[PDB]
Novice: 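Have a look at this one.
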Amino acid sequence: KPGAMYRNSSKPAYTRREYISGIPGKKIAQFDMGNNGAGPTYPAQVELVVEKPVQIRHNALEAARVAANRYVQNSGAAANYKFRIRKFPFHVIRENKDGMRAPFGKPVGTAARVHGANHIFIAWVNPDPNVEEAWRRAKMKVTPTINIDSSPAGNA
Amino acid sequence: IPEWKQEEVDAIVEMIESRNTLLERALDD
Amino acid sequence: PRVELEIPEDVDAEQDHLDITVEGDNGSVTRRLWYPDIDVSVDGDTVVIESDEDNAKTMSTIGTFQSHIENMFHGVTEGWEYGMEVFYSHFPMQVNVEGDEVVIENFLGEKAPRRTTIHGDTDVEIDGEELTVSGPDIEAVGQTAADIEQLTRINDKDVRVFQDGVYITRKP
Amino acid sequence: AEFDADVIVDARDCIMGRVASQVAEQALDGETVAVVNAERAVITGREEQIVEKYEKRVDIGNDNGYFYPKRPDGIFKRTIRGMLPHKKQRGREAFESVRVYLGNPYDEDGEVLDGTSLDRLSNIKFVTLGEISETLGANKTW
RNA sequence: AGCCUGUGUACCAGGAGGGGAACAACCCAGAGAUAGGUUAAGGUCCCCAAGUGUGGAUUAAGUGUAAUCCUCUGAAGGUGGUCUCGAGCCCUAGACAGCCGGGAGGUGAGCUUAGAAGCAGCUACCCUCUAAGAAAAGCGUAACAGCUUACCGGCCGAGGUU
RNA sequence: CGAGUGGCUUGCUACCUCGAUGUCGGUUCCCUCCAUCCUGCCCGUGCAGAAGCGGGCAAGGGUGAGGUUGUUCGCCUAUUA
Ligand SMILES: [Cl-]
Ligand SMILES: [Cl-]
Ligand SMILES: [Cl-]
Ligand SMILES: [Cl-]
Ligand SMILES: [Cl-]
Ligand SMILES: [K+]
Ligand SMILES: [Mg+2]
Ligand SMILES: [Mg+2]
Ligand SMILES: [Mg+2]
Ligand SMILES: [Mg+2]
Ligand SMILES: [Mg+2]
Ligand SMILES: [Mg+2]
Ligand SMILES: [Mg+2]
Ligand SMILES: [Mg+2]
Ligand code: NA
Ligand code: NA
Ligand code: NA
Ligand code: NA
Ligand code: NA
Ligand code: NA
Ligand code: NA
Ligand code: NA
Ligand code: NA
Ligand code: NA
Ligand code: NA
C-alpha cells in the first residue's frame with residue numbers, strides 16, 4: 001500500500017497498547033549501528049534532517065536504514081563509525097478493509113511521527129564522509145525532502 | 001610569503017656568493 | 001565589456017550593419033554577428049566587440065565573436081586545411097571530385113554512388129588515398145570535411161567490423 | 001483599392017499586438033486606418049512555440065468552421081478584430097474602417113506609432129509575420 | 001470524496017446592488033423613491049470606464065498574465081539555465097587551464113615464480129643526483145616495450161579554486 | 001522503499017434523473033487519444049552476418065479470416081509487415 005495513505009499527521013495520536021491489540025511487529029532491525037561499543041568520540045557528526053512533519057511507516061524506516069547502513073560498508077563490516085536512527089514507530093495505523101458502515105479500521109501497521117527539522121538519523125565519522133552518501137540514498141526512501149546536516153566538522 | 005620561496009632566494013644567493021623570478025630575485029641582491 | 005582585435009597587416013576588414021567581411025591574399029569571408037546589445041565595429045587598425053552588459057550569456061557570445069573573427073583573419077591568410085584518408089577492407093572505394101560535390105563509388109560494394117555537395121569556396125584536392133579540404137571560411141571547410149566523413153556513415157551493421165569510409169586525419 | 005485613410009500606420013519592425021491595440025482604439029474613435037507592410041510586422045518570443053500556436057489555429061475546425069487566416073494580411077486583421085466588439089454595430093463599423101496591406105500601396109510612408117517599435121539590435125527572439133505565413137504554407141505573394 | 005457525523009461562528013436558504021468570464025453561500029456591500037458627488041472590492045494595452053504611469057531588479061519558459069476553489073494541479077528527485085549574498089584557501093616571488101620541455105638513475109628493489117622488470121600476489125618503501133621525479137596514481141604487455149598522473153622548469157598574464 | 005500520472009476495471013459516496021435519459025453482447029457507420037503492434041527515421045547491445053532484444057521520435061496509413069462460448073474477456077488454428 002502507498003504512503004499516500006499514511007504520511008499525513010492529520011489523525012489523533014493512536015499509541016495506547018492497553019486499548020489496541022494485534023499490532024504488527026516492526027520491520028526495523030536495529031537502531032544502533034556500527035561500533036556501538038564506542039561512544040560518540042568522533043571528529044565529524046552528520047545528521048539527516050526531515051524538512052516536513054510527516055509519518056514514516058516502519059516499512060520506510062527499515063528500507064531507509066538498510067540502504068544507508070548497507071552502504072556504509074564502503075568502510076567495512078567492522079568499520080570505525082556509529083549510526084543512529086533516533087525515532088521509533090509509535091503511531092499505530094489502520095485500514096478499513098460493509099462499506100463506510102462500522103468503518104473504524106483494523107490495525108495494519110506502525111509509523112513514526114517526525115516534525116520538520118528533527119534529525120531522524122545521526123552518524124559519527126572521522127574525516128571520511130561516505131556517510132553523506134549513505135544518506136543521499138536514505139532520504140530517497142522516505143517521503144519528505146531532506147537536509148543533510150553536519151555538526152562537529154569545520155574540516156572543510 | 002611562501003617560505004620555501006624565501007629559502008630558495010637564499011640558497012640561490014648563496015651559490016651566487018660562492019624559477020627565473022627567484023634567480024632574478026637573488027641577482028637583485 | 002570590450003575586446004580589441006588588432007587586424008593583421010596582411011588583412012583588411014570592413015563592416016556595415018551586422019555583417020563583417022575579411023579579405024586577405026587567400027580570399028574573403030563575410031559573417032553575420034548578431035546578438036542582443038553586442039556592437040562589432042572596425043576602428044581603423046582594430047576590430048572592436050563591445051557591450052554594456054556583463055551577464056554570462058553576453059560574455060559567452062563576445063568570446064564566440066572573437067574566435068570567429070580571428071578564425072577569419074587566419075582563413076584569409078594562412079588558410080584552413082583538413083586532412084582526410086579514404087580506407088576500405090574488401091571493396092576498393094573510389095572517391096572523386098565531380099563538379100561542386102565529391103562523389104564516392106563502390107562503397108561496401110554499393111551500386112549507387114554516394115555524394116555530397118561542397119560548401120562555399122572550399123577546395124577538395126584528392127591524391128591517392130589522401131584528401132585535403134581547404135579554404136578561407138572555416139565554417140564551410142569544416143562542414144565539407146565533416147560531410148565527407150558522414151557520407152560513409154553506417155548504422156545497420158557493426159562499425160567495429162565494417163570500418164570502411166573516409167576520415168578526418170588532421171584538424172587545423 | 002483606394003482607401004481614404006485618416007491614418008496610415010507602418011507595421012515594419014513593430015509589435016503586432018501593440019499596434020493592433022492602438023489601431024483598435026483609434027477605429028472606435030471614428031478613424032479610418034490602414035496598416036502597411038504587414039508582412040514585416042513582428043512578434044516577440046521563441047519562434048518554435050509561436051508557430052505552434054498559429055499552426056494549431058489552422059488545424060482547429062469542423063463543419064461549423066474555424067476559418068483562420070494564413071497570410072500576414074489576415075493574421076494581422078484578425079488580431080485587430082479580437083480587440084473590437086466586431087459583432088456589435090459600432091464594433092463592425094470600426095473594424096470595417098480598418099484595412100491591412102502587404103507592403104505599401106500608398107505614396108506616403110506610414111507613421112510609426114509610439115511604443116510599438118522593436119529594436120533589432122537588442123532583440124534576437126522574435127519572428128516576422130511573413131515568416132509565420134511561410135511556415136503555415138501561405139503563398140509568398142510579397 | 002462535490003463522503004459520513006459533531007462543534008463554534010458567519011452566511012445561503014429568505015439577501016438585492018458592485019466585483020469574480022459565467023456561478024446559492026469567495027471579496028465589497030446589507031437596500032424606500034429621485035438627484036448630484038466620493039469611495040469600497042476590484043481594476044486602469046484593446047475588447048472595457050481609468051496608465052501602453054514612475055524609480056529599480058529578475059525571468060526567456062509565452063514560465064507567467066490563475067486570491068479562495070470538485071473547479072486554479074503538479075511531486076519525490078534532479079539542474080555549470082541564470083541572477084544575488086557569504087565564507088575558506090591559492091595568486092604579478094606569476095596562480096587556474098592549456099601548450100612545449102623534463103619526468104633521471106642504485107634499479108629490471110626483495111620476495112615468491114620458468115616468469116614478473118611501478119602496476120598477479122606478499123613485504124617494504126629506503127638514498128642519490130637535482131630545479132623536478134612514487135620502491136609508482138591509471139592504462140597497456142605472456143612478461144618487456146609503449147602511453148600517461150603525480151612531481152619540476154618554460155611560454156602566457158589575471159584572477160582562480162573550494 | 002519512496003514520489004506520481006491516467007480515469008479503461010473494481011470498490012466507495014449518494015450530487016443528478018424514479019409524472020422512465022430503453023439492458024449486456026454483437027452489428028453497422030463516423031471522429032478521436034497514444035502509454036506504438038506493423039510501417040518510416042534513429043540510439044544501445046551480452047551489435048560479425050542473418051535473426052533478435054531493449055530504447056527514442058512518431059498517430060500518415062494499416063492492424064485481417066476462422067473453431068468452442070450469448071459472452072465482453074479469453075482459449076485455440078492457419079495466414080500476416
Ligand atoms: Cl474549419
Ligand atoms: Cl461583439
Ligand atoms: Cl532576444
Ligand atoms: Cl440587513
Ligand atoms: Cl502565446
Ligand atoms: K429513475
Ligand atoms: Mg544484423
Ligand atoms: Mg426554503
Ligand atoms: Mg477607455
Ligand atoms: Mg501556461
Ligand atoms: Mg492554490
Ligand atoms: Mg433517448
Ligand atoms: Mg510518445
Ligand atoms: Mg489519424
Ligand atoms: Na453490513
Ligand atoms: Na524524499
Ligand atoms: Na508576443
Ligand atoms: Na482553422
Ligand atoms: Na442573512
Ligand atoms: Na458577476
Ligand atoms: Na501562456
Ligand atoms: Na422525469
Ligand atoms: Na450493444
Ligand atoms: Na500511426
Ligand atoms: Na472466438
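Reminder, nothing fancy here: chain letters follow the sequence lines and each chain counts from 1.
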Novice: Give one of base, sugar-phosphate or nothing for A:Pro103, where a contact means two heavy atoms less than 4.0 Å apart.
Specialist: nothing
Novice: Using the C1'-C2'-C3'-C4' torsion, classify the pucker of E:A24 as north or south, with positive meaning north.
Specialist: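 North (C3'-endo side).
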Novice: What parts of residues 111-127 of chain D reach RNA chain F, counting only heavy atoms under 4.0 Å away?
Specialist: none
Novice: Quick one, which residues of residues 40-62 of chain D touch RNA chain E with a heavy atom under 4.0 Å?
Specialist: D:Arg46, D:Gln49
Novice: Any base atoms under 4.0 Å from D:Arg90, or only sugar-phosphate, or nothing? Heavy atoms, all strands.
Specialist: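 If one applies the 4.0 Å heavy-atom cut-off, D:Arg90 turns out to touch the sugar-phosphate alone, with no base involved.
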Novice: Report which part of the nucleic acid A:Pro144 touches: base, sugar-phosphate, or nothing (heavy-atom distance under 4.0 Å, all strands).
Specialist: sugar-phosphate
Novice: Remember a base hit wins even if backbone is also touched, and classify A:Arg7 as base, sugar-phosphate or nothing at under 4.0 Å, heavy atoms.
Specialist: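 Answer is sugar-phosphate: A:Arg7 comes under 4.0 Å of backbone atoms only.
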Novice: Taking 5' to 3' order, which nucleotide of RNA chain F is first and which is last to have an atom within less than 4.0 Å of a heavy atom in chain C?
Specialist: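 Span of nucleotides near chain C: F:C42 to F:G49.
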Novice: May I ask you to say what D:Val23 touches in the nucleic acid, namely base, sugar-phosphate or nothing, with a heavy-atom cut-off under 4.0 Å?
Specialist: nothing
Novice: What pucker does E:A135 show by its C1'-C2'-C3'-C4' sign, north or south?
Specialist: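 South is the answer for E:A135, its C1'-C2'-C3'-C4' torsion being negative.
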Novice: How is the sugar of F:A35 puckered by the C1'-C2'-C3'-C4' sign, north or south?
Specialist: south
Novice: Go through residues 56-70 of chain C and report each residue with a non-hydrogen atom lying under 4.0 Å from RNA chain E, sorted by number.
Specialist: C:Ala56, C:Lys57
Novice: Would you say B:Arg19 reaches E:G94's phosphate, i.e. side-chain N/O to OP1/OP2 under 4.0 Å?
Specialist: yes
Novice: For a quick check of understanding: with a heavy-atom distance under 4.0 Å over all strands, which category does D:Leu28 fall into, base, sugar-phosphate or nothing?
Specialist: sugar-phosphate
Novice: So if I take residues 150-172 of chain C and measure heavy-atom distances to RNA chain F, which residues fall below 4.0 Å?
Specialist: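 Here the set is C:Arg153, C:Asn155, C:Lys157, C:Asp158, C:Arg160, C:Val161, C:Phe162.
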Novice: What interatomic distance, in whole Å, is found between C1' of E:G74 and the corresponding atom of E:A66?
Specialist: 14 Å
Novice: A:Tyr19: which residues meet the side-chain contact (heavy atoms from CB on, under 4.5 Å) condition with it, sequence neighbours left out?
Specialist: A:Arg16
Novice: For B:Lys5 and E:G94, is the shortest distance between a side-chain N/O and OP1 or OP2 below 4.0 Å?
Specialist: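 The answer is yes; a side-chain N or O of B:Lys5 sits under 4.0 Å from OP1 or OP2.
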Novice: If the P atom of E:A33 is compared with that of E:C28, how far apart are they to the nearest Å?
Specialist: 24 Å
Novice: Ignoring backbone atoms, test whether D:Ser21 places a side-chain nitrogen or oxygen under 4.0 Å from the OP1 or OP2 oxygen of E:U52.
Specialist: no
